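Some notes on the structure that comes next.
So that the names make sense, note that chain A is the first sequence line, chain B the second, and so on, each numbered from 1.
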Amino acid sequence: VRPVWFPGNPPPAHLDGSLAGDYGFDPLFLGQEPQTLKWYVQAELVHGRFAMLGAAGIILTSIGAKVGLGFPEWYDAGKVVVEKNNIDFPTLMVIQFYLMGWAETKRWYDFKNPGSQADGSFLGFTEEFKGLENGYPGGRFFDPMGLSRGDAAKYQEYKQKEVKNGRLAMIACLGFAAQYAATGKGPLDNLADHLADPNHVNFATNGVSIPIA
Amino acid sequence: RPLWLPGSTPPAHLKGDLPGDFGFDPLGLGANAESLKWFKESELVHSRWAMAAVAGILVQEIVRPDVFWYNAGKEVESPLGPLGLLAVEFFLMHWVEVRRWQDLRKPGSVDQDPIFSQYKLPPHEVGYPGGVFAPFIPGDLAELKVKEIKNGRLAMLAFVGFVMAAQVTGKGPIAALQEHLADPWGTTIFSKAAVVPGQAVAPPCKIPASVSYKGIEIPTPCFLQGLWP
Amino acid sequence: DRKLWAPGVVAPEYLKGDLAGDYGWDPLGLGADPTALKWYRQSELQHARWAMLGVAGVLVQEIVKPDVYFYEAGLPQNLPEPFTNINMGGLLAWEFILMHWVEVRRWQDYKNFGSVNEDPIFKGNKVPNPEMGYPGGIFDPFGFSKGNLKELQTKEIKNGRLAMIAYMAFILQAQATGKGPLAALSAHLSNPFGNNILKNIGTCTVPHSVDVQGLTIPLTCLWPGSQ
Ligand code: CHL
Ligand code: CHL
Ligand code: CLA
Ligand SMILES: CC1=C[C@H](O)CC(C)(C)[C@H]1/C=C/C(C)=C/C=C/C(C)=C/C=C/C=C(C)/C=C/C=C(C)/C=C/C1=C(C)C[C@H](O)CC1(C)C
Ligand SMILES: CC1=C[C@H](O)CC(C)(C)[C@H]1/C=C/C(C)=C/C=C/C(C)=C/C=C/C=C(C)/C=C/C=C(C)/C=C/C1=C(C)C[C@H](O)CC1(C)C
Ligand SMILES: CC1=C[C@H](O)CC(C)(C)[C@H]1/C=C/C(C)=C/C=C/C(C)=C/C=C/C=C(C)/C=C/C=C(C)/C=C/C1=C(C)C[C@H](O)CC1(C)C
Ligand SMILES: CCCCCCCCCCCCO[C@@H]1O[C@H](CO)[C@@H](O[C@H]2O[C@H](CO)[C@@H](O)[C@H](O)[C@H]2O)[C@H](O)[C@H]1O
Ligand SMILES: CCCCCCCCCCCCCCCC(=O)O
């Protein structure tokens, strides 16, 4: 009934169409055990949301590089920022692990004990850290505009768009790495080359993807 | 009830109680009651600020044509130095903004004059102080509440036009209208920019990148220039 | 019952003869869904009326100005005075604004039939709109609907389907020959065996790109022919 990844093949039992983006895809039954499935749900959402920010960051800075605005390529930005701004790499990295560490550990213990981060232990904040659902921590800090607490159907549709856009961005970031490794150029340089010659400038003629070509 | 798209069904949350309700909430931003209560005040504040700015920028261009509004901050010179002017502005706006905010958080808790006990705003609504702030009302208040929102939504969209026109043409609102009226077929953005699969063409930023002001050098960037058509 | 697209074929159950020009022809079964059939019928009406105007434009223009090539009339340098070398951007501005209004009005009629059948400004001005895709009223200024509308709807769809094929002939003939549709006929009649698709096919006579007032618009033929 629900569209599946391989039309004609019955959906796995541990996939009942309840989760957003449920197309019955678990060929290696990695999410067969429930608690494991809940963990993987937060994992896909966390991976996907970072990929969406990543992809949008690379695309904008790549546009600024395509035009004459002086934005470094994604694979060269890390060195430009540290060099031009004389920023100490070790300090920045440790600061990140401090901030991410705090946010990740609080998200981790919310998964282990749902609602346990809304006791007021953190500066007396209670409701902003209770969490609505696994991988969906609404409230007034994370959902400042209330889109999750208004129109249940709109919330379900938004969840479908989020997971699908996140899986697309995760595929796009794997594409940005593979294309840079195979071509040595930027992503919007690759799109301009293809658009110029789509039949003669593609992966089949890159001299790397197909070794016998 | 008139709607933004004739023949369409408005969002369930948009019944028609609020002034300016033409059933326009495609993203569903106002389906939460407490969120709608904030956005309603935000739309009013944005509207009134924009209406005064669009009026001021047009009048300033007529009375002071030589001065481009975009370049006014750096050009306007007063004996009260930039910092002295800002300090005064900061304290005055902090007070008025907190007083207005507290009205939204606890309605009816800030209608009393804090220096004169004899003066208190009559019971009212958030976004509509009235009382001393409303000495005269020329007509039905409900009708003017529709006029205020409609004239405000237009002004908010005009300012954004004045900004983009300034960065694309380097001219004030009137000077642009005249450029367009001189050659409409060659003054529209379509006649200034064009993106096709083969190539991309965008009008250049006509705003200096940095301004030198009292030995500081203020960064002056164009808005999302990279995504410009 | 009615005549079908072939002898022996059985019409799809969803094609019973309600819509005009119904030959029970849906080899790929795209009309099985009622919602799809409604949209596709509107799409077919749009492609038919536009294609009939296109066939008539290319033919009339070819007779009046036989020196102007239809395939390359869009070039501004070929625009009739006083529109020669007019800012193409400014021209697209008028078309986008006007078309966007009329197209969203017609579109809203599809979403909610009879929801936009009134002048949004001068209230009281209303089109009858007997059937979707058939507004009438100001759109039928001579009253030809007040008769056998169904039989006229058949002539419209049939002439439209024929014009849609013809227009694509004009395009492909233009790409392989480089001439308009009356010039091609003349070249054929000039030497039927000498000038025909057998020899004309295999060559795209269209450049790869053209500079329009500073912009390169990429151009392609409908088949890999010598370009
Ligand atoms: C005695 C040992 C002890 C240990 C080992 C921990 C360990 C931890 N506590 Mg914990 N706590 C401990 C005692 C106590 N805690 C708390 C109250 C809390 C709360 C309320 C929370 C934790 C949390 C955490 C975790 C934070 C995760 C992270 O990456 O943080 C590192 C993150 C940082 C931001 C590092 C802090 C700053 C860094 C040391 C450098 C400071 C730089 C500043 C510029 C300082 C400048 C000062 C100048 C300007 C005056 C973590 C595993 C958090 C958690 O994950 O809970 C689930 C959390 O929310 N603890 C109290 C008081 C009740 C404690 C003792 O009394
Ligand atoms: C409505 C039907 C229509 C048709 C069938 C044609 C057909 C033709 N025009 Mg023409 N035009 C049409 C309308 C218009 N033209 C022009 C302006 C021109 C010019 C200036 C030129 C032509 C040219 C041509 C010829 C070659 C084009 C080609 O190979 O395509 C190439 C097509 C593409 C690269 C892609 C175009 C299709 C695209 C999918 C359309 C939809 C895109 C959307 C508008 C929006 C896209 C942005 C999104 C992502 C937001 C060809 C015979 C060229 C010519 O004469 O060459 C000798 C030429 O130079 N036309 C205008 C503006 C007034 C039109 C307005 O409606
Ligand atoms: C948000 C509204 C706003 C803002 C930020 C500005 C800002 C500016 N205006 Mg301007 N103006 C506005 C509205 C505004 N105007 C309106 C509505 C009009 C029509 C009446 C004008 C007419 C105008 C003219 C004719 C001129 C300016 C000029 C100027 C510039 C320097 C003059 C100056 O301000 O010195 C100091 C200003 C004062 C000492 C006046 C004090 C403020 C009055 C007395 C109190 C009113 C308070 C009011 C009730 C508060 C509500 C307003 C609302 C926006 C919140 C400056 C950047 C001058 C300029 O362009 O310089 C180059 C100039 O020639 N404006
Ligand atoms: C489901 C399933 C089930 C069954 O059973 C089996 C199997 C099949 C195995 C499974 C799976 C599959 C798959 C496909 C997976 C995938 C994954 C991915 C791709 C991820 C990504 C992922 C990705 C991601 C996160 C991304 C991220 C990114 C980021 C952060 C950022 C970046 C960047 C930027 C902005 C810019 C500058 O320059 C810097 C940097 C830093 C460089
Ligand atoms: C939560 C919240 C709450 C409150 O209440 C409200 C609010 C605020 C609204 C919210 C928020 C939200 C957000 C933030 C969002 C974001 C998003 C994103 C970023 C996305 C991306 C997303 C992204 C994505 C998909 C991506 C895509 C991409 C792609 C396909 C790619 C393509 C390509 C490749 C590969 C390569 C080549 O060479 C080039 C190209 C062609 C380029
Ligand atoms: C029914 C169905 C179903 C089943 O299931 C199966 C199947 C088979 C799949 C299907 C079928 C289909 C078909 C056949 C289709 C066809 C189409 C076409 C051809 C169209 C045209 C279409 C066409 C058209 C519109 C046309 C258009 C045109 C126009 C506007 C015009 C233009 C022009 C002119 C005047 C002149 C100048 O100088 C130029 C120009 C400017 C260029
Ligand atoms: C966990 C999430 C993130 C995981 C992925 C992290 C990837 C990080 C990749 C870093 C690659 C470059 O690695 C880093 O390069 C910069 C380049 O100046 C070096 O930086 C060094 O010189 C610069 C000045 O030029 C200064 O920051 C400092 O003197 C020193 O740190 C760092 O010593 C080196 O560690
Ligand atoms: C570059 C690294 C610098 C050091 C950063 C350390 C930041 C603190 C991280 C501590 C996380 C501990 C979480 C508790 C363990 C658990 O959840 O099981």
Quick one: sort the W25(C) and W5(C) rings into parallel, tilted or perpendicular, breaks at 30° and 60°.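 It falls in the tilted class, 30° to 60°.
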Any idea how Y180(A) and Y75(A) line up, ring-wise: parallel (<30°), tilted (30 to 60°), or perpendicular (>60°)? parallel
State, to 0.1 Å, how close [X] and [Y] come at their nearest heavy-atom pair, and which atoms those are.
{"X": "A73(C)", "Y": "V68(C)", "answer": "CB-CG1, 4.5 Å"}
{"X": "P211(A)", "Y": "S209(A)", "answer": "CD-O, 3.5 Å"}
{"X": "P187(A)", "Y": "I58(A)", "answer": "CG-CG2, 3.9 Å"}
{"X": "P203(B)", "Y": "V168(B)", "answer": "CB-CG1, 3.8 Å"}
{"X": "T188(B)", "Y": "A93(C)", "answer": "OG1-CB, 4.4 Å"}
{"X": "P192(C)", "Y": "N196(C)", "answer": "O-CB, 3.6 Å"}

Atom pair [atom1] ([X]) and [atom2] ([Y]), whose distance is rounded to the nearest 0.5 Å:
{"X": "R105(C)", "Y": "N117(C)", "atom1": "CZ", "atom2": "CG", "answer": "8.5 Å"}
{"X": "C173(A)", "Y": "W74(A)", "atom1": "SG", "atom2": "CH2", "answer": "8.5 Å"}
{"X": "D22(A)", "Y": "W5(A)", "atom1": "CG", "atom2": "CH2", "answer": "13.5 Å"}
{"X": "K179(C)", "Y": "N195(C)", "atom1": "NZ", "atom2": "CG", "answer": "6.0 Å"}
{"X": "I59(A)", "Y": "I63(A)", "atom1": "CD1", "atom2": "CD1", "answer": "7.0 Å"}
{"X": "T61(A)", "Y": "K66(A)", "atom1": "OG1", "atom2": "NZ", "answer": "13.5 Å"}

Give a yes or no answer on whether the side chain of [X] reaches the backbone of [Y] with a donor-acceptor pair at less than 3.5 Å.
{"X": "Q153(C)", "Y": "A20(C)", "result": "no"}
{"X": "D109(C)", "Y": "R106(C)", "result": "no"}
{"X": "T84(C)", "Y": "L79(C)", "result": "yes"}
{"X": "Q173(C)", "Y": "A184(C)", "result": "no"}
{"X": "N112(C)", "Y": "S115(C)", "result": "no"}
{"X": "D211(C)", "Y": "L215(C)", "result": "yes"}
{"X": "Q108(C)", "Y": "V116(C)", "result": "no"}
{"X": "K206(B)", "Y": "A165(B)", "result": "no"}
{"X": "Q227(C)", "Y": "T203(C)", "result": "no"}
{"X": "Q175(C)", "Y": "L222(C)", "result": "yes"}

Would the number of heavy atoms belonging to other residues, nucleotides or ligands and lying under 6.0 Å from [atom1] of [X] be above 12?
{"X": "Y23(C)", "atom1": "OH", "answer": "no"}
{"X": "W223(C)", "atom1": "CH2", "answer": "yes"}
{"X": "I138(C)", "atom1": "CD1", "answer": "no"}
{"X": "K126(C)", "atom1": "NZ", "answer": "yes"}
{"X": "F139(C)", "atom1": "CZ", "answer": "no"}
{"X": "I201(C)", "atom1": "CD1", "answer": "yes"}
{"X": "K161(A)", "atom1": "NZ", "answer": "yes"}
{"X": "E13(C)", "atom1": "CD", "answer": "no"}

Is there side-chain contact between [X] and [Y], with heavy atoms separated by less than 4.5 Å?
{"X": "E118(C)", "Y": "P6(B)", "value": "no"}
{"X": "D26(C)", "Y": "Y14(C)", "value": "yes"}
{"X": "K171(B)", "Y": "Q178(B)", "value": "no"}
{"X": "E44(C)", "Y": "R161(C)", "value": "yes"}
{"X": "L45(C)", "Y": "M132(C)", "value": "no"}
{"X": "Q167(B)", "Y": "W228(B)", "value": "yes"}
{"X": "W107(C)", "Y": "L5(B)", "value": "yes"}
{"X": "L188(A)", "Y": "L191(A)", "value": "yes"}

Might you work through the side-chain contact (heavy atoms from CB on, under 4.5 Å) test for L227(B) and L60(A), ending with a clear yes or no? CA-CA 8 Å; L227(B) 302 174; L60(A) 177 56; 4.0 Å; yes
Kindly determine whether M164(C) and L162(C) satisfy side-chain contact (heavy atoms from CB on, under 4.5 Å), including the steps that lead there. CA-CA 5 Å; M164(C) 288 188 266; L162(C) 175 49; over 6 Å; no
Run the salt-bridge test on [X] and [Y] with the 4.0 Å N-O cut-off and return the result as yes or no.
{"X": "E131(C)", "Y": "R41(C)", "value": "no"}
{"X": "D140(C)", "Y": "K146(C)", "value": "yes"}
{"X": "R49(C)", "Y": "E156(C)", "value": "yes"}

With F70(C), which residues qualify under side chain to side chain contact (heavy atoms under 4.5 Å, CB included), at least two apart?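 For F70(C), the residues satisfying side chain to side chain contact (heavy atoms under 4.5 Å, CB included) (neighbours in sequence not counted) are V58(C), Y167(C), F170(C), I171(C), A174(C), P181(C).
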Can you list the steps and then say if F176(A) with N190(A) is a side-chain contact (heavy atoms from CB on, under 4.5 Å)? CA-CA 10 Å; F176(A) 291 141; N190(A) 290 335; over 6 Å; no
Tell me, with the steps shown, if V196(B) and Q199(B) meet side-chain contact (heavy atoms from CB on, under 4.5 Å). CA-CA 5 Å; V196(B) 286; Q199(B) 67 170 283; 3.9 Å; yes
